[PDB]
Structure formats: structure tokens, C-alpha cells
There are 2 protein chains.
Amino acid sequence: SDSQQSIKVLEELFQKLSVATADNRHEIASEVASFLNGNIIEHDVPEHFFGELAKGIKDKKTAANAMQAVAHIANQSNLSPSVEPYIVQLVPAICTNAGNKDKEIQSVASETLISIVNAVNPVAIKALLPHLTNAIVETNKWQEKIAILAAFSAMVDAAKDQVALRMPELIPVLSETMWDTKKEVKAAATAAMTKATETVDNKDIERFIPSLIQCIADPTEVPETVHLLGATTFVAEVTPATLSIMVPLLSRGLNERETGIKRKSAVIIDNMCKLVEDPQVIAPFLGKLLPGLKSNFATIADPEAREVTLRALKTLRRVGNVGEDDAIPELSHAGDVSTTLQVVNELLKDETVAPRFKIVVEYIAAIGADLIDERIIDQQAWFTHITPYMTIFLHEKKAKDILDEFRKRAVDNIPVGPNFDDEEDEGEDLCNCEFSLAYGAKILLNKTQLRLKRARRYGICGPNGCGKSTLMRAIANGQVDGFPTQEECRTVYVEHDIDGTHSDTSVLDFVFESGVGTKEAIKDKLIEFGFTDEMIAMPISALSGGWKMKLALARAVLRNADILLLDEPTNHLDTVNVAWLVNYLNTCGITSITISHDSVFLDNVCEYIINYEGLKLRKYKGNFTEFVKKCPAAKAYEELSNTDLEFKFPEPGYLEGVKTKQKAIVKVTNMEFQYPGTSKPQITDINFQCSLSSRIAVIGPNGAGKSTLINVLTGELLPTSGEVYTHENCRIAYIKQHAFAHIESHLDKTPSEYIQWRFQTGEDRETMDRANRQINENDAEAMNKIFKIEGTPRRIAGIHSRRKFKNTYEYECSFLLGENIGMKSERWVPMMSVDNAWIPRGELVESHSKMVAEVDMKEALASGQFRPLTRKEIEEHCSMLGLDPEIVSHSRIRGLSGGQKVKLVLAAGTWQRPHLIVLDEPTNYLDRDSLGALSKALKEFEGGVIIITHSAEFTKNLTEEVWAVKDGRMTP
Amino acid sequence: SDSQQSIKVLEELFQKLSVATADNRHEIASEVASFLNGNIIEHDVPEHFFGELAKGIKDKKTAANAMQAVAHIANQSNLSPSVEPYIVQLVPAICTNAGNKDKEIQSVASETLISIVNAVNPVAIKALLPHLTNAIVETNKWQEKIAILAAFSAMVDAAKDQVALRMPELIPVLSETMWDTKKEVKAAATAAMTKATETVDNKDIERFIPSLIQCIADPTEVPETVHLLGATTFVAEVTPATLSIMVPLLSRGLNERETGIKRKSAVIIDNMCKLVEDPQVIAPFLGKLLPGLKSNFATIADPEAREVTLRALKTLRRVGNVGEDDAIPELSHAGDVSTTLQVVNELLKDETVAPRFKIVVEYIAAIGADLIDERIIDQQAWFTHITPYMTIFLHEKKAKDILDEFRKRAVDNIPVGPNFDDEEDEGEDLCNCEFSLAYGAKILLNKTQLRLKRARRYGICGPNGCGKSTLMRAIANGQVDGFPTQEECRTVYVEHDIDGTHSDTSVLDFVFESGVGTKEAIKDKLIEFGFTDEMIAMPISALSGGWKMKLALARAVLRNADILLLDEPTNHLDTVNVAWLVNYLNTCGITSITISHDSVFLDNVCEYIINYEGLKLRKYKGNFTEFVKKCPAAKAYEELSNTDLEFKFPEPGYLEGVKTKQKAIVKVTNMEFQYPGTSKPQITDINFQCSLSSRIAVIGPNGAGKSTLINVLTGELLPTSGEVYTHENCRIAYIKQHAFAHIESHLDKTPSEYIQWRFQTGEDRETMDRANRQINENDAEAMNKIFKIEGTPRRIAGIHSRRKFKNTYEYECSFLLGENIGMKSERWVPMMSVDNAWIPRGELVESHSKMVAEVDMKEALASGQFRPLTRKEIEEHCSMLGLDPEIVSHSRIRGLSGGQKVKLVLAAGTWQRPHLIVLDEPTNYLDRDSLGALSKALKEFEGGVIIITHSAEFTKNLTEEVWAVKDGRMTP
């Protein structure tokens, strides 16, 4: 019913929008957006509304208003998943208008595409990109292309990782467009191309990108560029993105007349491709290289060049895993939308899914396919991204049950990665033995293989109690069948030696009694490692952690080790020493094998990982994190990364005057809100209080009332009437699902840089200003916005102060008065502070976010509520929320589990140590485990808690005050 | 005497050269090169030799030979400044042959051009760039154009910093070349344009470079391109390079019929130019922007575009510093070649300068011009680069005195400059006053101005003694008549407050006594800061340095400080706590002023530098590094005392079997060297010994005997007959001026990266293999070089072991036997270990350096000689040579004085703890002060010293043994 009320509101608002003028258009669109994006409907969609919007976009008479509405709805921080798939379904239509002859419809369409690209869940890229590529290749309107190219570029920033995986499909499209007859398009397409290549992210060829882009536009540079790339030393991962910009050049190189170039192309092909682990990556590129390689093999007279051609052809066949007759193996379809659409349609066969929800099911399949492509398989991840879309037409319980099955079936389609192959012989082998390892009648390893390459650095991982250290003892003590003898391959089990020295023997004497060398030689090496003449005379008993390690490694150089064996080497080592060790191992030139619960330390040292899988040893190229992608089974090892446990919210910042916890810090009376343009208010006669003891539950079905109330509570809507008392410095943290899903856009950031990113303007860019486009962070001419105060046109001279105004902030602005506007004598004169005015944040944020931010920092400091973004403080705060400092400061969010992301997003939301935590529908995107931890933490929060849920179970022990809107009213 | 001998040696060599067949042209070139680059002639030039060679090149019959030798003379690590100005002189002739119809002459010519580009002192760019620009613009041979274009590209890597300054000139020349009607020339010009844009170093427009370039090839793409850049947000300082790729586009934009573009063009113009700190920068571009703006401002109707165009014009006038009537300021001439040439000619008038040295004087003027453009004004920097040339026709003494006068005069032409423009950066003003500062009746500052911005960070510098601390103490204590009161702007002299608290007073009470809030509030903030309840309760007398600095800052926050005043804050702080302070200051949101001797700390914290200049405070934008670029007369803040000028060489590496510094580690007997093709040997019957206590002075005038003697001692030339004993692991360090001058190509690197670069292969790429044309690196095509072993043609399969062989090494190679060479069945079959052979280093280095390097490493590791390039090792080693660790690991060589570079070059050269230090004419490029510190450092060196010099002054009280060659004969 309150749900059905939302429908009437939309009709009134839409009716208002349909007749909007070019001057009031934005105002009305914003209303539609603030309302439409809330919890206004119960398990359904505003159908008539979306039907009118679509028909409104097509009709030239209403095209600009309808689309402008779509743009506001598609804002960066508030686009609701309940409406998201119905918005993307309008892209084809909007792309069409981007080709319209009318200068205004074309413009508004272009901007709207950019807005949509910036608002959708980055993971639902597979539902959006196709519309854009379909349009750009099918249209004959050059302006429509320039716009679509603009949207591609925007997508690169909004979903860099997601785009990286679509590169093999996007590059061909951009390349063709670069050869468009229209010169403006040629310009736009190159620009979108240089932008697209930003997803490559490969240090080995980075500097050669601007060269590669030119070859696309001018094939005559092929020979010149092929030669430039001959110097490249491929070491980094050869991803689909790297191939999409490397292969087309190479392919043309193979077809050149000159033999030297055919050869040079073959060299690069070999060098690069021998670095492809998954035959899936190179599969779609083989057809562009094999034919040129076989043809060159039967045309090149010179034996040396021919041998190089064949050498490349073999690598390709190996890597690509081709069959007989160069038959390319069938590609996996795990990540195909078509495949996931089938999987979900099967799980919904018994459910009755009405026609208007079909587009939603498609969105779900799209999200699923991408999650599988990025190999995001953990439960919480899937719940975070898909649950809210299913509940559009299903009850939560059933939704989560089907979602988890969907995830399990989709995940099941991921092809098994092929066993690692050793064509990486840069230097000789240290060992290569077949053996078994038995420990007291217990079999640890059975007929496994061990091959270690010289100067390579390895890490040994495995399940607790599998013999990780027994294997090392065995290698150290010459007890591994086949392993070389100390004479051939000298190993030094660092810091694990055993002698009979006393606790009063000097460091020099100690080493000396080992026979390694002369006292002169020893002293020389000890000094080179940092030991002072004094330290060398003191008794070993006085060596601290860092120096025993330096001594150990110094002795190892004296014995002339070939392999350094380290077992938990970072223990008793301060950060400076660990960094010292990471550095030394990475530059000593000797091979090392390491065991260590410190995943970050493994990531900075290791190049390969020897993992225990049953009674077999399996190698994986890459450090620990890389390894984990290839073997998700390892997300259960006892390695710093995998550690996950409950968390706690921070203590709310001290409030002056608040004697007791029942003392109201928020008090609302006779409040009411009525959207301008509607015939009756959405909520009226509202009264409520909040204290640090509040334990409120906002229940009931979604609707005009419930959503609007919440929208006012959270600061999004300024009430139309009523009194609002907020204690000075009172702060609210609004935990929405949006932040959880949108973190996937920052996978290359570290948890620390993310929190810094979310508070770049002093305020939380995820919850503050949800009623504004804000899609104007890259602009400076829109700072000349003409405000209308008292009937006069004024520009902003400056913002000087701030103050609470109801549920938002007002800012003291000094203006410039516009005189003789539109004339050669136009001039803006400064108005003395007599005319300053208190403008609400919402009216400034779009045009003057900068000045507003500067003023916000001034006030935060002034009142002692500013929390500086220092690494230490960020680290300390993330620790409360159960995230380890090393991960927070030196790991990429890309490697965090779904659950860890929940923690990180939660940490960001509570960074300003809020006094009140309002949580919107937090069962609608969290799983059983997550809710358990969120329940315990919300129970111990020394601040006020407001939970808006549909779940009765979740209110258990978390509520003591009920809020329920009925007919636009509510009494606690 | 022995000098005239060199002339004959060259005549015989040149004869064997003019005849040399292609099959053995290289061997003879090498000879000419190795001998020609040595100290072979006393104060003069092999005039007849350069004549034969000159003409020889102009001749088709001997073009390829003459040129090859030149390519060999011009090798990366050994081209001597004694012959440099003469080689550049042959560029025109060489450019001409780059167009010759003969395929071989055309090919060798292109190579020679590259070789020269990478061989000359990068600082002498102005003496070479012209020959190239002229030729490409005057020729009509397309193959010549391509070759010259390849030369431009090579110059970008060889002289990046120097080329960046020449961008406003190179771009127009390449742009013009992009319009050639030969597709290959158009492509090559584009390629060169791409490589050139690599001097931009400005991420702000990185994504637009392929677009700007494409726009130069098709100006019809200007409008759309302008649209594309409108979204650019300039933040990095705009340099000449940036303008050189931005103006042509914007210039043409101003001229588009469409007003939208005229408007957009100005907008970007504005946003990019208000970032030009030096008007001299934008100077030569004003001519392409002012007329467009003025006209547009008097032609455009739309009232919005007018404001924008005018806004742009107003900005341009301020940044450009234009006089009334828009009079473009007189373009400076301090850096013009003609300007510096006039100066040296003036100081040289009273001296006589034969015609054959005019080219030398011109080279000197070109070098001085560049030193000025780069703003390298210190004395040593000038002696490093010019002295060795001045000595081609003047005695060292006359040379230095003239040169020192050349510098001062040349440097006087550098324009003083325009003052601080901060008003335009983000912030309200905390203070903006004029004041005078009197201390004890003494004047510190007279009627100066001081304006500070909120949240902006400042650093204070000035001569040691000017009163920096007094100014700060004055401000802090509120004693600067005109500066805001505490009530208007709260300041906090961090860690400098005076009160009477007890040692017992607890941290809590201490802060509480300042009256900044309740203990509850205070506690809540301290804990947020990072304090523990354990610390808040403990007495303030038990605080460590780091916690004392934190309590200081924490109190400053509770007092709502508006300005933090720091005086030597990094004192008594370890790296970790310093890192914390840096991080805190950068994120606390409060303004801070800092006086610090730590230039790295200032670089990491300051945004502006207020400097003392007389009795005025001058403000500069940017940190300390940037500040120095603007004000070069400041790299001397440490200087004042003669002692901060010293350094020590490392202790030589351990040598088993050497118990006294008398033991010979090098012993040569009956040695002789005679260049194949020469009538008689250059040196014969040579017997000498070297020990860790040697102190030899190789005296006497330059000659065929002396240089050849040195060339054998330093391992460059392999002796023809005689024995050579070298202790195992013995290392010799060769110090020439070449290294000191060429470090100007690595200004981008940090001292640590320069040292890593020099020893990337475990060997000093600067002094190793000076006899070979190593230039080969990306040349995997000449790895098919055929070696005739035992009469059989073969190819290197692999290099496995090393072994001493006279003054150099030999390598054991495995082969590929050539079968049916020249037949369709030709095949290179791998041979067995049995047929492996030993081959001299000089024969492999030019084609298998990578393989040789690998063997060298495994050897360095086997012997325990290898020194890991860890950051701590480098820092410790560079610390012995007077360089600060922070500076070494985080500062760019670009910001070091010529004196600091001298230390770094010595450090790099002694990185392997050599046992003998051979210094080639140290007085010929070092000033009085450097020599002073060097001499003292050589007296303390625990290893053998060999000084080759003309200065008996330098050797006096230093060396005691004499090596005076006399007719190919010498006896200690």
C-alpha cells in the first residue's frame, strides 16, 4: 500500500517532468532521482513509470527531460540496484538520441551515457558494454560515435579491471573506428584508444604503447615498432589485455617482406608467449599468428631465422595447447553470459518470473559471468553483488537460496588450470629429483618431483601439519632422494645450525671455529654486512634479532651457499629488518626457499610457490597472492592473508554536554516532507529521538513513507517543515549496499588508499550528497554558476563558514554581483558581507565542491573533530574492524575476500567515529556469517544504532524502539 | 717527442684503414679508436689525421671505412674530449653519405650518426643538434631524412634533459618533416615525434599525446581534438616541452571559425598557462597566442566566450610579463651559443688561438650555453665539462683561470626573475602583511612581505645565519607588528613552548594544564592520536623523542592551531618517526612553516619555500628540489665549512695470501704492445709491480708510449708479448672525466639508481670493454657472428666458464658447427663439450655481452666477491664519500651540485672496493677544492694509487714512485 503510494508519487513527478522547461528540468529530475532511488516498492518495479520514461526518451518533444531524469537517477553514489537494470535497458534508445540532429537532444544523451557508465555496478559490465559496442558499429551518425567513445573512456576509469578483461573485444572495435572516414571520429577514436590501453597495466611494454597506437593508425610503422619491441624483456603476466595490443602488430610483422622483421616478430612472439599459463588466454589469438608462422617457416631460406620461426611456433602450440593439425581447443564458456543465463533460468524454472522482471534476470546472469571471469568465487562476494537484484522479484530467503546454488553451478564451470610446465630455463637447474618423503612411517610426499632453478626464489605453502618444515630439514640434511650433495649444491639452513660455542664467545671467534675461512676474511665480510669492529668482538649472546639474521646470511656467503633455506625468517624482526631482508634476498643473486605465515613477506620475495596438494608437490609461477588466484584451495592456509575473524566498531567521538547515554543528541519534532509538485506530503507529523543508547528498528514494507523518512534521517532530504535539533558535532554513518558493490572499482588500491579516496573531500563521498550529480569533479568553468539570491544574479566570491541547518549544513557565502550581463561591458562586482547568505550544501556541492571542502576542513579542525588520514591512524582503525596493518598498507584490494571487503567497506563508513550508525537493509546483501559478526559488533557499539530491515530475525537483540510508517505517519 | 710519435702511429693506422677491406674493416677501426682516444698528444690535435679521415669520408671509395672508424672512435664509454669537437665536425659529411645511393654507405652512415649521438657529452647538444636539423631540412634524400630522424630519437635517451630544453625547436622541425610526401618519412617523423614527447614528463596530458601528434599530421582534426582536451586538469608545472606540443594545437584553435572552439581553446590556454612559474618559459610562445586572443576578444559576439578569451589573455599577460600594448618581453640571450661564444672570445683575445682550435672554442661555447639553460652555475660543474677542452690549446693553469671567468660572466646574464604567485592556489589568507624585523637593533628583514595560506605547507631557507629562527620565534611569541594575533590565527611553536610543569606531571594533566578541554575530551583525542591509556597516565618525563613530538602535535590540535611552527623537527628522530611526522604534516590539514637542514624532509613536506634574499623574504612555489631549480645559488646551504667537503674511499676487498701491503698483487714482465700494422711497437721492455701501498705518478707529456702504457695497465689493450700476474680477485678502478661528464644523462635517476645502472651486469659498464663498440644491446641479430675455431666456422651456443688471461679474461664457449654453409641444406649443428674453446673477452663482448655478463656474475658469486646492490649497502658506501643516505635513496641526481656529483661518480667507481685506483689526469677537470678533498682521500686509501698527471703539485707529498715513458721504454 505505501508501496502502491510510491507509484502515485512517480506519476505526479513524471507528469511534472514531462512538461519541464529547459530551465526547471534539472530541479524536477533531481526529485525523481532522490525518490526513485530509495526503498519505495515492495518486491516489484515501477512499471508504468519506466514505460513512460522509455516512450519519453524516444519522442523528440520529451527526449531531453526524460533523459535528464535518467542522468540524475544514474548518479555516482545513489543509483539503486532496484532500478539499475531498467536504466541500462534504456541505453540503446539513448545512444540513438546521441545521433539526433537536434543539438540539445544529442548533448543531453551524450552526458547521460557518461552518467550511466559511472553509476552502474562495475561488475555488471557485460550487460552494458554490448549495447555500446552494438550501437557504435551499427550507427551511421558520427556524433553518436564520438559520444559512445566518450562512454568507453569513462568506463575505463569506472571499471578498469572489468574493462581489462574485455580488451580483446574492445580493441578491435576501437581500431576499426580509428579508420573511420569522418575526421572527428578519427580524433575521438584514437583518444579512446590511448585511454583503453590504460587497462593493459604491463610494465614490460608500457613505454611501447604510444608506438603501438600509431601502428594501428599507420601500418607503415610496423617494421619500426617490431624492432623497438625486440628489446623488450617479458617478465610480467601476459593477460588478455596485453595480447589485444601486442598481437595485431605481431601479426602484421609476420607478413612483412623483409626476413629480418619476420624473424624479429617471431622472437617477440616466443619471448612473450612463453609466459602464458592458461591456454584460454591465448586461444582467441592463435588464428592471427599460426598461419603467418607456418608460412614463414616454409619461405625463409636462412636456417637461423627459420629455426627462430619454428621456435615461436612450438611455444604457441605448447602454450595454446593446440591439438593435431593445429586444432585450437574449445574455449571455456564459464564466463559467457549466455552460459550463466542458462544456469539461472534453470534455477528459476519452478519460480514464476513475470515478463517485467526478465531484464533483471539478465542483469543477474551478466553480473555472474563477470564474477566468474575475475575469479571471484567466494560466497559473500556473490551475495554482495547479486542478492539485491533477485529480491526485486523474490523474497530474501528464496533469493539467497537460489543465489548460492547459482554461484555453485557457475563456479563449477571453471576449467581446471593445466599443470605448470618448466620451459623457464634461464639458468641451469640446482636440482631435479623424483622422490618420496617419509617421516616415522608417515608418508608426507609420495613419488613427487622437485626441480629448483638457480638464482630463483621459492616459497613453500601447504596445509597445517603437512611437513613443510620436514621437507626443509630433509633438503638441508641431504636426505631427499636425488638431491645434489653439499659439494655440488651447497645449502645453508639459515639460523638453524648447531654447534657447541659458549655464550661468551665473540662473533668473530664463533664463525672462525666453523672453518669457513680466515679471521681476516670473516671480519671483512662481517663489516660489509654492517657489523662494527666492536660488535665483532662482543659475545654472540648479545646479538639482537636483526643481527643474528645478518650474521647467519653473512656466514652463508662465506660457505658460498647456492641455496638459502629460511623457516619463518621474519620472526623477532622489526619492520626495518624485515625490509632489510626482503631487499637482501631479492638482490643476493642466490636461490632461496622460504616458509612463512607472513603472506606479504612471501609476496615481496617469492617468484614461485611450491604447494602441497595431497602427497604431491605442485609448482605455481607467481608470489603468494598470484598463487592463490591459481589455487583457491589455499584461501584456507594459515597465511596472514587468509586470517579473518570478527570485528568491532570504533568508540564514538567525545561529545561535550552529553552526560548520559539516554541524552538525546538528535531530536525531531513536527517534521514533514512534501516533494514540490506532489499533491500531498509523503510523511508528516513526525517526531523521534536518538541517543548514544538508541537501538531503533525501522520496519514495514518499502513505500513512499518509509523511504522518505529514511531519506530525511540520513541527511538526503531537507524537511519541508518541522524542528530539528542536532547536537554540535553529532555524526551519522549510513551503511548502504552501494559502497560494498562499488568497491570493485578500486581493486588496484590498497585498503588505506581506498579509505583516503573515500574521504578526499573531508566528507564521505559515498553517503554525503546522494542528492547531487557530483559527476562534475573534472570541471572548473562550471564554477561560474549563477546563483539567484533575492532576485539578483550572483557568483560565489567565497565560502567562509559553516553551520548545521536542520539535517544538513549551510555555508556562509560572499558573492559577486553580475552587472550588464550579456553586454560587452559585463562585469562582476564583489558584494560586501552585508549581502552574504547561508546556502545549503546541496546547492553548492555541484559547482563548488572545492571551496565547500576547504570550509569543511576548517570547521572540523576548529571543533576538534578532524581525523587526519595518516597511515598509522588508518591502520589502527582497520585493526578494530579486523584487518591486519600489513594488508591495509601493502596489499591490493584485488586480493581481499568478499568478507574482507565487507570489513574494509565497514571500516570506511565508520572512519569518522560516528555517534549513530544507520544501516539500510543489511541482510539484503550480507550472508549468514557476515550478519553474525555484524550483529555482535552492533550489539557492543557504544553509540546509537538504527537498523532498517525486512528481516525479523536480524532485529533480535538489536532493537528496543520501533519505527513504522503508516499512511504518511509514524509514532515511536 | 713521444707526442710526434702518435702522429706517425696514426698515419700508419690510417693507411692500413684507407685500404682495409670490409671483411676486416672493424679490426682496424678499433685500433684507430683505441689509440686515438688515449692521452696521445700534448696540447694539440692530430690535424693531418682528421684531414685524411675527413676527405676519406667524402670519397665513395673509402666512405664506409672512414666512417666506421668514426663510429668506433665514438663509442659510449670512451670518446675522448680531446677529439670530440673534431668528430662532431664530420657530421655534415656523414649526413650526406646517409643519403648516398650505395646501400652499404647509406647503412654505415646511419649507424655512425647514432654512435656519435650516444658518444658526445650530452651537455654539448647545441654543437650537434644544428648539423642534424640543417641536414634534414636541406636534403631531399628520403633515406637521409629517416637516418637523421633516428638520430633525433637516439638523442632523447642519450641527452633527455638537454633535449627537453630544445623541444620548442625540435617539434616544429619534426612536424614539418611529418608532411613529407614519402610515406616512410612521414612514418619515421611520427615515430621520432612520439619518442620526443617522452621529455614531456607531464602525466596531465599523457593520455592525449597520440592525439596531439595525430593532430599535427591532420590539422582538420583540431576542433575535435580541442574538445577532447577541454577535460584536462593541469597540475604539473608547464615546461617548454609541454608548451611545444600544446601550443600549435591551441594556436590553431584560436583561429577556428566556430566560436565554441575559440572559447574552448582559450579555456585550456588559461588553465595551462597559470601554471607557468617562469615567464622566460612561455616567452617564445606568446607570439602564437596573443594575437589570437586579442582578435577573438574583439570579434566574438557571444558574451560568454569573450570573458573566457579575455580571462585567458589577462592570465597570459601576468604569467608572460608583457608590457603595455601587449609588448612581448625581450627574449633572453644568456643561453644562446653566440652569447657565450662572444664571452670566451673576449677572455681569449690576449691569448693566441690557431685556426685548428676554433672548432674547440665553438664547442666550449655550446657547452657553456647549455650549462646556463640548465642553470648549472657552480664552479666544479663548469670545470668538469669545459677544462679538458680548454686544455687542447692552453696550459691547465691558464685554462682554469679563464674558464672560471667564463663561468661568472656567463652566469651573470641569467635574468633575476618575477615574484611569487600563490594568490591563485587553493586557500584563504591566514596573513598578508608587510613588516620589518629588528633583532637587538640589528636588521634582519626590511619592509618585506609575508603571506601565508590556510592548510598550505611552507619551508624556510636562507644563508646559515640570516635569522630564520628569530623570525619564527618572533611570530610565535607575537612580536611581529602586523602579523595576526593569536585570537586571529593561533600559532604553535612545536616543541618550543616554555612552562613550569613537574617531571612527575602525567601526560594527561600536562595537556590538561593548557586549558584546551576536559580530561575526557583530551583523553579521547590522545587515544585517537595514537596514545595508550598507559601513556596518558605516565609522567611526561618518560616520553621518548617520537612520543614527545607526537604529544607536541597532539596539543597543537587540541588548541585548534591555525599554524604549526617547526624548527629542526627531524632532530633526535629515527627514520620511522621522521616518516610519521612527514605523513602527519601532509595530512593534518593545518598550515605549517618549517626550518630544516634535512632537504629531503623539506621535499616531502613543503609546498612553498620562503627564502631569505638580502633583507627581503622571497616566495617560490614547489618543494626544496623545485626551489633549487629556480634558485640555483642555493645548492650551497651546507658549504660554509671546508670540512663538509671531504670523503673516504672504501677499504679494499679481502685478498687471501696478502699479509702485507708490500706483496705484489699485480706484476708485469717483459711486456710489449704493438698495433698490428705499425712499423714498430708503442711500448716495450716494460716491468712494474703494484701493491696495496703503491703510490705511483705516471708523469711526462702525452705520447704514443704513455697512453699505450696506461691502456695496458687498465686492461683496455691486451699486451702483444710478455707476462702479466694478477692476484686472484684483484680489482682495479679506472677514474676518467668521461664518467663525471656523462652523469648529466642520468639526472632523472637517484644516486642509488645510478650505481645500480652502472653495475647492472655486475661489471662497470663505464670502464669495462672501452676497446669495443658495445653499443650492441637490442641487437640479437648479430648473435649469429661466425668465429673460426681450428679452421672451422662456428657460432656460440653458450659461454660456461671464465679464467684470467693476461690483463683480461677468456671465456669457454660451446659451439654450433656450420654445415653446408651457402647451400640450401645449410645447418648449424650443436657440438659437444669436447670441442669447446677459449675466446678472449674482447672478441665476445660486442655480440654476446649478455652471455659474458651471466658468466661474470656466476664467477663473482663463486668467488664471494659479488657485492649485492641493496639499498643499505649503497647508502653505507655512498656515505663514505660524503653523501647523505636520504639524498642517495630519495633525491634525484638532477638536484645535486657539481661537487656532489663528483662524490657520487667516485663512489660509483669504487663500489667494488677496488685494490688499486688508477686516476687519469684528475687535475684536468677538478677544481682547487675537489683536488683538496681527493688528495686527502688518496693519502688515506688502504689500497694502491696510480695517478697519471701533468701536475707535479698534485703528486707532491702523495706519490713516491715514478713511471716516465721515454721512447716505448720505461723503468720505475
# chains A, B, ... in the order shown; residues from 1 in each chain; ligands from 1
$ calpha_fit_rmsd --fixed "chain A" --moving "chain B"
1.7 Å
$ interface_residues --of "chain B" --to "chain A" --cutoff "7 Å" --atoms "only C-alpha atoms" --output "PyMOL selection string"
chain B and resi 184+187+207-208+210-211+221+224-225+231+303+521+524+558+560+583-584+587-588+654+778+826-827+862+864+868-870
$ residues_around --residues "residue 532 in chain A" --least-positions-apart "5" --cutoff "12 Å" --atoms "only C-alpha atoms" --output "list in words"
residues 507, 508, 523, 524, 525, 526, 527, 537, 538 and 547 of chain A
$ closest_residue --among "A:712, A:359, A:298, A:578" --to "residue 393 in chain A" --atoms "only C-alpha atoms"
A:359
$ residues_around --residues "residue 685 in chain B" --least-positions-apart "3" --cutoff "7 Å" --atoms "only C-alpha atoms" --output "NGL selection string"
:B and (670-672 or 969)
$ decode --residues "range 512-548 of chain A" --atoms "C-alpha atoms" --output "PDB file, in the first residue's frame"
ATOM      1  CA  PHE A 512      86.073 -18.840  12.845  1.00  0.00           C
ATOM      2  CA  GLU A 513      85.614 -22.170  14.613  1.00  0.00           C
ATOM      3  CA  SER A 514      83.451 -23.346  11.695  1.00  0.00           C
ATOM      4  CA  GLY A 515      86.356 -23.496   9.289  1.00  0.00           C
ATOM      5  CA  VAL A 516      84.682 -21.307   6.649  1.00  0.00           C
ATOM      6  CA  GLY A 517      87.763 -19.101   6.423  1.00  0.00           C
ATOM      7  CA  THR A 518      90.454 -16.903   7.935  1.00  0.00           C
ATOM      8  CA  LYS A 519      89.771 -14.379  10.689  1.00  0.00           C
ATOM      9  CA  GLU A 520      90.748 -11.673   8.208  1.00  0.00           C
ATOM     10  CA  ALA A 521      88.224 -12.893   5.628  1.00  0.00           C
ATOM     11  CA  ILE A 522      85.477 -13.185   8.227  1.00  0.00           C
ATOM     12  CA  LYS A 523      85.965  -9.690   9.651  1.00  0.00           C
ATOM     13  CA  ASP A 524      85.887  -8.267   6.119  1.00  0.00           C
ATOM     14  CA  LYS A 525      82.528  -9.857   5.297  1.00  0.00           C
ATOM     15  CA  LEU A 526      81.064  -9.004   8.699  1.00  0.00           C
ATOM     16  CA  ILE A 527      81.882  -5.329   8.178  1.00  0.00           C
ATOM     17  CA  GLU A 528      80.421  -5.383   4.678  1.00  0.00           C
ATOM     18  CA  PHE A 529      77.148  -6.585   6.223  1.00  0.00           C
ATOM     19  CA  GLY A 530      77.084  -3.796   8.801  1.00  0.00           C
ATOM     20  CA  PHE A 531      78.967  -5.218  11.766  1.00  0.00           C
ATOM     21  CA  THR A 532      81.143  -2.676  13.552  1.00  0.00           C
ATOM     22  CA  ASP A 533      84.587  -3.565  14.864  1.00  0.00           C
ATOM     23  CA  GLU A 534      83.011  -3.599  18.319  1.00  0.00           C
ATOM     24  CA  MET A 535      80.031  -5.827  17.508  1.00  0.00           C
ATOM     25  CA  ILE A 536      82.525  -8.318  16.100  1.00  0.00           C
ATOM     26  CA  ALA A 537      84.275  -8.592  19.478  1.00  0.00           C
ATOM     27  CA  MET A 538      81.174  -8.822  21.673  1.00  0.00           C
ATOM     28  CA  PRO A 539      79.940 -12.331  22.583  1.00  0.00           C
ATOM     29  CA  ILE A 540      77.213 -13.847  20.367  1.00  0.00           C
ATOM     30  CA  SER A 541      74.965 -13.760  23.416  1.00  0.00           C
ATOM     31  CA  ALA A 542      74.411 -10.051  22.774  1.00  0.00           C
ATOM     32  CA  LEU A 543      73.181 -10.263  19.178  1.00  0.00           C
ATOM     33  CA  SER A 544      69.642  -8.957  18.701  1.00  0.00           C
ATOM     34  CA  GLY A 545      67.152 -10.471  16.279  1.00  0.00           C
ATOM     35  CA  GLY A 546      68.216  -8.392  13.308  1.00  0.00           C
ATOM     36  CA  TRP A 547      71.911  -9.121  13.771  1.00  0.00           C
ATOM     37  CA  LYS A 548      71.624 -12.872  14.217  1.00  0.00           C
TER      38      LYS A 548
END
